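Let's start with one chain on its own, the form deposited in one PDB entry, as structure tokens.
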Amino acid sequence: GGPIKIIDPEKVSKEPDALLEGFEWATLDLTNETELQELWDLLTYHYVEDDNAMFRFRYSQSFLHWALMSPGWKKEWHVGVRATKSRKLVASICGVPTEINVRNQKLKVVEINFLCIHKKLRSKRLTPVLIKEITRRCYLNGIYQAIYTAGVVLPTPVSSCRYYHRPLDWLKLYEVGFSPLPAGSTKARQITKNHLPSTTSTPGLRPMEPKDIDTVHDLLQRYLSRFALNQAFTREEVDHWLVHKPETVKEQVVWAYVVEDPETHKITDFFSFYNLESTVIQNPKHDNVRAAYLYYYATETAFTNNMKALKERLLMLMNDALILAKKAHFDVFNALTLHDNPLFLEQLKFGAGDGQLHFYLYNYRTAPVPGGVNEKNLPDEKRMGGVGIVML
């Protein structure tokens, strides 16, 4: 594998291409509360929905602040389109920098997300224009590769993973149409099936602290090394992406927990999950779904190559994650079939979701990597070791 083309730093245009009449390019400054609000306004009403128009992802302003001003970020990579007259923000596309490992080669990339066009401007071929412009801004800063996900099929996906959903408040999810009541059942039986213990079981389990950063950093990168495609975490990235800062962040977005061994007092495990609401588009009884998403995790047990033992360890840890997520009043716990997740998704009663999330690399060729599933789109322990990066 390797890059597809070499970019000529001399030929990168200093000026952007033209836009549809009445619109103009605009760099967003997300340290400005009004501009953060503008992006949130756009996304809230125009970002990704399900195919039945029942739900729309509802990234919080705190989430956007977190996701988009990560270590190394540049405002030049927060790209907006405005209406010239009204000044209204009508489109966005965003990137942040990170390093990834693609089959043992380290690569500097941008992670691309929050591509969004106002519904009234759809189907006008603006998306290629947005893509080309963020590409140009990246090129100017010496970045020539990207990684991203999408639910739509685009040329040469590097992998695909299925969505999985673990009901925490099943009744909530029933009343919003998220979860069905099967023909043969009752509310009580569904609540029974999804019931969770009142307390966690892993000994030594506690919220991650800043003092844990170095140890979690070491453990995480050793664990992610087990995957063909993975994120090459820096220390500042562990701090930013895993350690909630309550003093300066009003609405918590990231939860992290470590296992401090009772005997050695070393960190032997950790897991984490983030808060991403969905808007319930039209419902009498509810306005939102409060969802938690599984993010990064690691365990020393992985390094024995004893899959039964890894399976056992993950079943306990991930059930603890559910209980903690429930305690934090999340309605549902979501995950993908990446990492070692096929080892626990079905047994801990995650229900299979619809379709796949596809993973893409820009300007980089590599062989497809396994995404946790077989040909039937079902979790498969023999199809792991592939995708070791979670994106937002």
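The first residue of the sequence shown is number 1, and the count goes up from there. Take the two forms, find the largest set of C-alpha atoms that superpose within 1.5 Å, and that set is the rigid core.
- Per-stretch averaging of Cα B factors for 242-250 and 72-80 places 242-250 on top.
- Of the two segments examined, 358-366 and 51-59, it is 51-59 that shows the higher average Cα temperature factor in the deposited entry.
- Across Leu196, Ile143, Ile213, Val258, the greatest Cα temperature factor reported in the deposited entry is at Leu196.
- Comparing the C-alpha B-factors of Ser92, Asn275, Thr186, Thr98 in the entry, the top value falls on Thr186.
- Ranked within its chain, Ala18 lands in the lowest third, by CA B factor from the PDB record.
- Per the deposited record, the Cα B-factor of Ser123 falls in the middle third when ranked against the other modelled residues of its chain.
- When the modelled residues of the chain are ordered by C-alpha B-factor, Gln347 sits in the highest third.
- The PDB entry assigns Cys161 a C-alpha temperature factor belonging to the middle third of its chain's modelled residues.
- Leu130: CA B factor in the lowest third of modelled residues in this chain (values from the PDB entry).
Keep in mind that the form deposited in another entry is missing from the display, and what follows is about it.
- Per-residue Cα shift between the shown form and the other one after core alignment stays below 2 Å for all of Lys187, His118, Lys74, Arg235 except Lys187.
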